[PDB]
């Protein structure tokens, strides 16, 4: 239903399983949704060639993926031992069907 785009969630950094002992909260942004735009000619050609058994027993994606095309610069927080951390590219900043 909902097309590929940015989503937002408030999260505790200690919830992310990244080893940070901090109760601080960040705004976590990510990419989700459907890719419903008309198929590229590339993808149409690739699907056809796959179906005609012309490809080589390897995993080939003939359909776009909703993924980030750009990431958050940085976000910081103070942990339980009173040490500061800065994490780069934690969140998505832009999304597209790639």
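Residue numbers count along the first chain shown, from 1.
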{"property": "Stretch exceeding the other in mean C-alpha B-factor - 50-58, 67-75", "result": "50-58"}
{"property": "Within-chain third of residue 86 by Cα B-factor, per the entry", "result": "middle"}
{"property": "Third of the chain's Cα B-factor distribution that residue 35 belongs to, per the entry", "result": "highest"}
{"property": "Ranked against its chain, the third holding the CA B-factor of residue 92", "result": "lowest"}
